[PDB]
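Notes for the structure review
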Amino acid sequence: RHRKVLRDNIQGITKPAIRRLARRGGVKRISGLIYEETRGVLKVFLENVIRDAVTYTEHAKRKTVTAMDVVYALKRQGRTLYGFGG
Amino acid sequence: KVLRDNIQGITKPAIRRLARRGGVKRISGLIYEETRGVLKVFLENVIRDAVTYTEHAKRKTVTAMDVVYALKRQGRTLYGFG
Amino acid sequence: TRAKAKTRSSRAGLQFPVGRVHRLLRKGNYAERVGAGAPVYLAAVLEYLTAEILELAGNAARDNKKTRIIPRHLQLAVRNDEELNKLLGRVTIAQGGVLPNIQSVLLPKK
Amino acid sequence: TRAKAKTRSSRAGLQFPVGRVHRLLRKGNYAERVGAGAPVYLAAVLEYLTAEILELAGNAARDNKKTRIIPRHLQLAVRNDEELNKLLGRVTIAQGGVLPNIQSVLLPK
Amino acid sequence: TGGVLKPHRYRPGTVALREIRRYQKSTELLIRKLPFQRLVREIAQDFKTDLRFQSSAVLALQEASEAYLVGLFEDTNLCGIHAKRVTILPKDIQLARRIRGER
Amino acid sequence: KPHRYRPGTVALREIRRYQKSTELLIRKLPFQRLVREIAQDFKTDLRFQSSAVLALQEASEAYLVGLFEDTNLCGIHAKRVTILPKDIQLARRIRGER
Amino acid sequence: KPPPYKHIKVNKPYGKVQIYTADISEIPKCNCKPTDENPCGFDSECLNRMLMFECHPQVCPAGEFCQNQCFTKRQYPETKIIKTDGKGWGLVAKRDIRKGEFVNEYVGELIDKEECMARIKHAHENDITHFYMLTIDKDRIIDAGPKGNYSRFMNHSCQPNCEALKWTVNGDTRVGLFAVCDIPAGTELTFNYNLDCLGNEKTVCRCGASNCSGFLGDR
Amino acid sequence: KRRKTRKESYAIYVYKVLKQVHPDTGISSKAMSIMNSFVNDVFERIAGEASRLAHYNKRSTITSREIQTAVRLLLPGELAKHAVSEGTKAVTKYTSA
Amino acid sequence: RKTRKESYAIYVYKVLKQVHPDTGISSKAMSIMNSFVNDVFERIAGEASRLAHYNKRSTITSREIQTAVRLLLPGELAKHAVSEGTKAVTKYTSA
DNA sequence: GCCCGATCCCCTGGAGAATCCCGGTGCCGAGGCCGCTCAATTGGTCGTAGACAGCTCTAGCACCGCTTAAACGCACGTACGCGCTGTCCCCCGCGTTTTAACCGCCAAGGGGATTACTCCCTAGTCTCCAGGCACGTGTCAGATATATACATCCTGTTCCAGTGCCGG
DNA sequence: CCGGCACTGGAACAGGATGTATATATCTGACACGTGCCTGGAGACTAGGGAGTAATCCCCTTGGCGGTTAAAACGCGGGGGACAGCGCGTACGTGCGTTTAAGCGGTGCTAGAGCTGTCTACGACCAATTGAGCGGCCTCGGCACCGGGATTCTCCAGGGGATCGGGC
Ligand SMILES: C[S@@+](CC[C@H](N)C(=O)[O-])C[C@H]1O[C@@H](n2cnc3c(N)ncnc32)[C@H](O)[C@@H]1O
Ligand SMILES: [Zn+2]
Ligand SMILES: [Zn+2]
Ligand SMILES: [Zn+2]
């Protein structure tokens, strides 16, 4: 049960990392309070998908989240993802 | 009998009323030529599928379930007709 | 048969047809074999979600000194609870009208 | 058997497996009784729809002066066609990047 | 000689705040039924000729076209306010539809 | 005077280099440390397959990269060039996600 | 010496004319609450104070607290009859009223437009010089002849301290002169007005202001 | 009249579940059809979702366990927590008697 | 041991060599075209289903697989694919 | 000095005025009551789909060391928010006059639902045999790493463009 | 009273220093075949019912006409909200030096996913008998609307008393 408790790993999505995703989208100049709402937008997308992946796993009586449960959970919300089999 | 010009039946106050039910206070002078262009294509993408469903069953009359199905195809569900 | 007929809806204590749900599950092309405790789990859910709407329709109908439900009360009942509103997002109810609201900057100022 | 097997996908002049599309329709619970002109009709459409998304990816590969088709070519071949961009509206393709585009108001004055 | 007096008029912006509070409470229909019923028959002569309709079918489209327009005129207003204005210009409908996904 | 490129051109000189690559733009270990911590509330002591972590990074990045292109139209509507935190909310609200 | 004028509390029809009341089924509801010093007051906002609706004593959620019940509670000053010069008995207040205060409501006899033409062409030509006509709507004309109030007892000007507004109550229109500022006692009470004669002018505008030259017929 | 064919609906169960919550109110002919479509629309979602859970795992039976997951996927936060109890109780009440 | 895993690879590769003789295609792209076909297939079948069930029948036929195309494919694909299919269905029987 | 014939603040018979409320009339819309028929219940046989106690072996988690790209601050100066004022023309509130939606009728027939009868297109069982899936080996298309060869952006030094404001 | 010794703003363009393609080598790991063999497609016949098909009844979609009045069209005014310009300073971009985890080779270990055989409990199938459920028929019968006589409140009213200008 090596479950060494964790704390505040959201601050790993650093500043230049977010700036790169920004630049790819086509923005020329960025404010200074976006780096505190992008995290709050990401940490809500991830839950609606991970909860469904874990539910799809439990029903099959397994213990390893595979790479098809994520594809199913994503196809569930109209966000189909080609590439990883299915 | 042939027809024409009938898009001019959506008069000016008929758009002002739908606006007020929306919640807008002032209204410019060119919305009245832009809304009759938004309304005239939403109708085709539905009448085409209604006519298709009717054409499939060999009928000659657009019944009231074909429209419900044509609107259900595009995520615009309708409650209270069937 | 020989003895008296006790309808399958009565044993469990429901009000929805556990006899009729089974036939619809069997003639809808959903699988090849249908279990035996499927309709009993399925009807006890279609009952709760109708209680939950008629309750609020009554609670928002007595607030006008009337004793009869009309389509307007149904929408006023559903557009105010943030779970029925999420389960019923893309749905249009006929003869329902809109909710009352005006923005905060269009109110005439002093 | 008396004669020799004359496979069904060669009677019609197709490439996709009619013997497989039929069984797939049957053992998937879409209806009870499956007709006999269904698989022939469906395999032909499946063949036509894939005989075009390659005909554009090939033409897009010859502009990098390469020979092997990779994911990026498929995205650049799809986001530039007004009908495939409407049929594949809500679909994401891995390893595909974005389509090169920049605004008009941001360029230096 | 023998004249008549007249009171003031309403300062612009009150007969337009009454209509809102009046229309967001009723449930009637807001377009003339025969003018709308002729447009439906004029459009549908391009797909198949000589087809008839059902009295309760020609009234199934009117309960959706308007619930569409009313929901669009609610997202035009948020942009028109975003730009620090009160009026709604044509260059807002296009932004709304563009973000939403139609064009 | 180290030749001092005039402010506002280095950005326009990489907007057009990040629109031709195909790599991913977040660090792999700091991403895989976040997933294993969000999913600790729902079920206990899980184990992730190695090809189901690389299957979430693409969804997340393809979501953010397509949200910023819709943020960058409001800031132009309001006659600005710098996006602010009172814009993201408008795009989400108009989409229908909140 | 005031001439004989009949007194009456509220309006009245004068023949074919008829008023229309309103039930409690569509009367516009307020949104305030019986919370603080001014429940549906003047300062504290009220969606009926703003849009020129006078609340009903029952539809209000507060009940017996809505101060916006005026055209019924009949709140006035006393303002004993004063005498002016060149006009008649122009009147002076005897309070220290603030701004946004109510003054007497103009109530008289309500007559059809066609009917009015007759009732003035009967008397005008016989040298009576009737000058009390004020239009509210097509087919509505309030006349200050047979009956009236302290409302007929007013005086035109060009630089006044009060004006003529137009409210609607119980489904029907109203007319109430208001206080535009905080005017104390010892001050003349008058309101300017616009008109449109059918004949000709008979007196240059004469008020006592600086730019009050005007006429009777011009703005 | 050829004694026209019959038509089936939920109109005498919707009306029963009303009197156990409001023993005084009535319902209108035009606000009945809405609840009719409501039930005939929430039936398909819960059936079809289990019809694919039972296929991803190579089975051919719709047990009383697929319906307990289709609900956990379809319904929101606090709604999907009472329907589960309703179901798991009205089956224990049936398996004994 | 490693029972099998069917796919459409050996058929996509056969189609490619009729429109581009000297051209190859890598694994990451084969594994995308596979899912593309395996996705369009179920959208086209899962509506002939509902048509057959609305009109109260029990058989899927070409009259269904046509009407299931005019509703899915938009524009000009719906006018070319329909012309394509009714060639194979015609030639097949006449043999 | 003491007293009279009308004449202004009060007073209640006629009336009068709307008008809470007791009490006639008429509803179209729901609410309870009998023939009627067919889907749901019960009682039995059967042949599979699925639970389960072993059993092999692939791969997801944990440790360690090491060389180097990427995150982290820190100072400056500039290009862009933001707030304010003055001109103005465009969208709102009214009065008259014109028009064609609506309710309510009569009249003729296209085509939508049913129903009884006969053929022909699929589900289904055996044998029979070849297209396709995993394994194992060969070699070439494309990803580095240098070395030029330019093409893009930024700034100081003359030249027009009229000249500072002095004047006699 | 505008122009003339020197005088002050806008314009022009090479020239530097950096970043971005060119062409050579070079080399490696994955793409494209060949090989065996086991499933799964294919070829013929037999037996049962779903759909093509012809004939019938009658519901309900068009077509036309007349009167009413609620709504649409047009022109006058006249005040308020959109767009342009200016000025002040706060905040994000650029480059350079310094500190810290991502990343690449391994190596060890075992936890859990995939297979194989036995075998019992369970849902499809079928025949028989009877009670729930839809269609139609009446009734009531709580809800809108007027008589309608009179019931707290309010006048019009001509007159009952308080009052005076001289009267005697
Ligand atoms: C309604 S009467 C009021 C009479 C008197 N003020 C009173 O209180 O009884 C107003 C009179 O003032 C006159 N008037 C109005 N405006 C006037 C003016 N500007 N110059 C002279 N007389 C005027 C009118 O002719 C009218 O006869
Ligand atoms: Zn209030
Ligand atoms: Zn009030
Ligand atoms: Zn004057």
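Residues numbered from 1 in each chain as written, not as in the entry; some residues may be left out. Chains lettered and ligands numbered in written order. Heavy atoms only, no water. Residues with missing side-chain atoms left out of burial classes, pairs and counts.

For this deposition, the record names cryo-EM as the technique by which the model was determined and cites 3.75 Å as its resolution.

**What to know about the interface of chain E and chain B**
For clarity, the cut-off: We call two residues in contact whenever any of their non-hydrogen atoms come within 4.5 Å of each other. The numbering of helices and of strands both runs from the N terminus, where a helix is a DSSP run of H or I of at least 4 residues and a strand a run of E of at least 2. For this scheme, ten residues count as nonpolar: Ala, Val, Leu, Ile, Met, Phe, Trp, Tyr, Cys and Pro. Four count as charged, namely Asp, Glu, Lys and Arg, and the remainder, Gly too, count as polar. Should DSSP find at least two bridges between two strands, the strands are regarded as paired.
Counting from both sides, the interface comprises 48 residues of chain E and, opposite them, 46 residues of chain B. Of all elements in the fold, only helix 1 (15-23), helix 2 (33-43), strand 2 (52-53), helix 3 (62-72) and helix 5 (90-100) of chain E reach the threshold of two or more residues within the side of chain E that touches chain B. Here the side of chain E that touches chain B is composed, by residue class, of 28 nonpolar, 10 polar and 10 charged. Sheet topology places strand 1 (residues 61-62) of chain B next to strand 2 of chain E; 2 bridges connect them, and they run parallel. Bridging across to strand 2 of chain E, B:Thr61 finds its partner in E:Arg52.

**Structural notes on the coordination of the zinc ion (ligand 4)**
Residues and elements named next belong to chain G. What counts is decided by this rule: The donor set comprises N, O and S atoms within 2.8 Å of the metal, extended to 3.2 Å for Na, K and Ca; water molecules are omitted, so apparent gaps in a site may simply reflect that omission. In this scheme, a residue with accessible area under 20% of its type's maximum is buried, one over 50% is exposed, and one in between is partly exposed, where area comes from a 1.4 Å probe on protein chains only.
Looking at the metal site, the zinc ion (ligand 4) is ligated by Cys205 (SG), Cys207 (SG) and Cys212 (O), spaced 2.1 to 2.6 Å from it. Taken in chain order, the donor set of the zinc ion (ligand 4) reads C-x1-C-x4-C. In this structure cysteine 207 comes out as partly exposed when scored by relative accessible area, which is 23%.

**A short note on the arrangement of the chains**
The two partners chain B and chain G share no contact, and the minimum distance between any of their C-alpha atoms is 14 Å. Note that chain F does not reach chain G: the shortest distance linking a C-alpha of one to a C-alpha of the other is 27 Å.

**Brief notes about the packing of helix 4 (residues 75-82) of chain E against helix 3 (residues 85-95) of chain F**
What counts is decided by this rule: Each axis is a line fitted through C-alpha atoms, taken for helices only over the stretch in contact, and angles between the N-to-C directions span 0 to 180 degrees. Angle categories: roughly parallel below 35 degrees, roughly antiparallel above 145, roughly perpendicular from 65 to 115, and oblique for all the rest. Crossings are sorted by hand: turned counterclockwise from the far helix by less than a right angle, the near helix makes the crossing left-handed, and turned clockwise it makes it right-handed.
Contact geometry for helix 4 of chain E and helix 3 of chain F: axes closest at 11 Å, N-to-C directions at 170°. As far as their axial angle goes, helix 3 of chain F and helix 4 of chain E are roughly antiparallel. For the element pair helix 4 of chain E and helix 3 of chain F, the recorded crossing hand is left-handed. Taken together, the residues of helix 3 of chain F that come into contact with helix 4 of chain E (itself represented by E:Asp75, E:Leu78, E:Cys79 and E:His82) are F:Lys86, F:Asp87, F:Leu90, F:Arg93 and F:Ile94. Taken together, the residues of the contact of helix 4 of chain E with helix 3 of chain F sort by class into 4 nonpolar, 1 polar and 4 charged.

**Some remarks on the nonpolar core**
This is how it is decided: Definition of nonpolar core: a set of buried residues of the types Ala, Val, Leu, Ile, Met, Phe, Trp, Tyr and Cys, connected through side-chain atoms within 4.5 Å.
Core analysis: the biggest nonpolar cluster contains 55 residues, and I:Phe36 and I:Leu73 have the highest contact counts within it. Of all the secondary-structure elements, those providing two or more residues to this core are helix 2 (18-26), helix 3 (38-61) and helix 4 (71-78) of chain D together with helix 1 (9-16), helix 2 (27-54), helix 3 (62-70) and helix 4 (77-93) of chain I. Among the elements that make up this core, the one with the highest residue count is helix 3 of chain D (12 residues). Each residue touching I:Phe36, except ones within four places of it in the same chain, is listed here: A:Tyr82, D:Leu49 and D:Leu88.

**Side note on the coordination of the zinc ion (ligand 2)**
For a metal bound by four donors in a tetrahedral arrangement, the ideal donor-metal-donor angle is 109.5 degrees, while six donors in an octahedral arrangement ideally sit at 90 or 180 degrees. Residue and element names in this part refer to chain G. Protein ligation of the zinc ion (ligand 2) involves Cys30 (SG), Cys32 (SG), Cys40 (SG) and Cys46 (SG), the donor distances falling in the range 2.3 to 2.5 Å. Within one chain, the residues donating to the zinc ion (ligand 2) are spaced in sequence as C-x1-C-x7-C-x5-C. Between the zinc ion (ligand 2) and the zinc ion (ligand 3) there is a metal-metal distance of 5.0 Å. Under the relative-accessibility criterion, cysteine 32 is labelled buried at 17%.

**What about the environment of H:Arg59?**
Residues and elements named next belong to chain H. One can find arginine 59 in the loop between helix 2 (33-56) and strand 2 (61-62). Residue class for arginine 59 comes out exposed when judged on its relative accessible area of 64%. Through-space distance from the C-alpha of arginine 59 to that of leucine 74 is 22 Å; in sequence the pair is 15 residues apart.

**Comments concerning a nonpolar patch on the surface**
Residue and element names in this part refer to chain G. Just so we agree on the cut-off: Patches here: salt-bridge-free residues with over 30% relative accessible area, like charges joined within 9 Å, nonpolar side chains (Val, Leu, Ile, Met, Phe, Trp, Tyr) joined within 5 Å. Using a 1.4 Å probe, accessible areas were evaluated by the Shrake-Rupley method; residue-level cover was limited to the displayed protein chains. Between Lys or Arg on one side and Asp or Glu on the other, a salt bridge is scored when a side-chain nitrogen of the former is within 4 Å of a carboxyl oxygen of the latter.
Judged by side-chain polarity, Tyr5, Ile81 and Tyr150 come together as a nonpolar surface patch covering roughly 270 Å² of accessible area. Note that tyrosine 150 resides in the loop between strand 5 (140-143) and strand 6 (162-164). According to the relative accessible area criterion, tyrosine 150 is partly exposed, its value standing at 42%.

**Comments concerning the protein's contact with DNA strand K**
The following threshold applies: We define proximity as follows: a residue is near a molecule or strand when any one of its heavy atoms falls within 4 Å of that partner. A 3.5 Å cut-off defines polar contacts: any pair of N or O atoms within that distance qualifies, except that in protein one atom must be a possible hydrogen donor and the other a possible acceptor, and neighbouring residues in sequence count only when both atoms are side-chain atoms.
Near DNA strand K there are 61 residues, and of these A:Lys63, E:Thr87, G:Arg219, I:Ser58 and I:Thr59 occur at the shortest range. In the environment of DNA strand K, a phosphate oxygen lies 3.3 Å from a nitrogen or oxygen atom belonging to the backbone of E:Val86. Contacts to DNA strand K include F:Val10, whose backbone N or O atom sits 3.5 Å from a phosphate oxygen. Of all elements in the fold, only strand 1 (29-30) of chain A, helix 1 (12-22) of chain B, strand 1 (33-34) of chain C, helix 2 of chain D, strand 2 of chain E, helix 1 (28-38) of chain F together with strand 1 (24-25) of chain I reach the threshold of two or more residues within the surface near DNA strand K. With 4 residues, the single largest contributor to the surface near DNA strand K is helix 1 of chain F. For the surface near DNA strand K, the class distribution of residues is 15 nonpolar, 17 polar and 29 charged.

**Re the packing of helix 2 (residues 31-42) of chain B against helix 3 (residues 44-56) of chain B**
All names here are of chain B. The interhelical angle for the contact between helix 2 and helix 3, taken along N-to-C directions, is 20°, at an axis separation of 4 Å. Accordingly, the angle class assigned to the pair helix 2 and helix 3 is roughly parallel. Here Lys40, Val41 and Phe42 of helix 2 lie close against helix 3, whose contacting residues are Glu44, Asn45 and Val46.

**What about the site of ligand 1?**
All names here are of chain G. The local shell around ligand 1 consists of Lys87, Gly88, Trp89, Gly90, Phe131, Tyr132, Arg152, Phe153, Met154, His156, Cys205 and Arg206. The backbone of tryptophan 89 places a nitrogen or oxygen atom 3.1 Å from an oxygen atom of ligand 1. Contacts to ligand 1 include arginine 206, whose backbone N or O atom sits 2.9 Å from a nitrogen atom. Within the complex, the protein chains bury 81% of what would otherwise be the 600 Å² of accessible surface of ligand 1. Partitioned by chemical class, the residues of the shell around ligand 1 number 6 nonpolar, 3 polar and 3 charged.

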